[PDB]
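Heads up, the thing below is written out as structure tokens.
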Ligand SMILES: Nc1ncnc2c1ncn2[C@@H]1O[C@H](CSCC[C@H](N)C(=O)O)[C@@H](O)[C@H]1O
């Protein structure tokens, strides 16, 4: 139904933001397969790539291939690249994720229960407070044409507009997935791109960390 798969369109949407803004530190919350990290590491602008996920099993053996290879030594990077996979939750605050340039929450909020969803903005926007946060979730108005909830365009936009004003951000709405008769349904995936206008807290469990060789 979608020429390139919808999950890949979501990944390419974030890659395009990365290409346009060149963030140095990037964290993907709910990274799952690590498929997004693998796409974003293509870009040489990133100096720190990070992944977080509650599911430790989903991260098993997926770190190994993110480490440098013999090619990366022979033809080296300009600056260091550190990659780190963490076993943790977005609801818990971890100081190693402060000062990031971009945080991505792709198809994650729908997996948060009411209680967890009430704490998510207090952490990602409130505590971490990166320069840019991207949250994507499905549009329930596309369904006629496990998730704890299925929000419409208004429901999401109203939650988003309250958060944007609370934690001092500006939110823009877009998406991926053409309808294509009946164009009024909107995109398949709703996207909100938020743009911003010292105790140690190590909660997460770093499952894998690697660093690349470099030379300027
Ligand atoms: N509280 C939480 N903290 C961190 N990760 C969470 C979480 N609740 C759910 N997740 C993770 O979020 C993911 C949802 S699906 C992963 C989506 C992925 N970015 C993609 O577009 O393919 C799962 O990997 C799940 O384990």
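All residue numbers given for chain A refer to Swiss-Prot; the residues shown span 26-170, 180-214, 216-232, 244-262 in order.
From the backbone N, Cα and C atoms, a Cβ is placed for every residue, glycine too.
The Cβ of residue 36 (S-adenosyl-L-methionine binding site) has 60, 61, 64, 131 as same-chain neighbours under 8 Å, each 6 or more residues away in sequence. What Swiss-Prot lists as S-adenosyl-L-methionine binding site is 36, 55, 78, 83, 115, 131.
For residue 132 (Mg(2+) binding site), applying a Cβ distance below 8 Å and a minimum sequence separation of six or more within one chain yields 32, 35, 55, 161, 162, 163, 224. Residues or ranges marked as Mg(2+) binding site in Swiss-Prot: 132, 135, 136, 181.
Each of 133, 134, 137, 162, 163, 182, 183 belongs to the same chain as 132, 135, 136, 181, is absent from that list, and has a C-beta within 8 angstroms of the C-beta centroid marking the Mg(2+) site. The binding-site residues 78, 135 differ in how many other CB atoms lie within 10 Å of their CB, and the one with the most is 78. For the recorded site, residue 78 (S-adenosyl-L-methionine binding site), the DSSP three-state label reads strand. Of all the binding-site residues in the list 135, 136, 181, the shortest Cα-Cα distance to residue 78 (S-adenosyl-L-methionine binding site) is found for 136.
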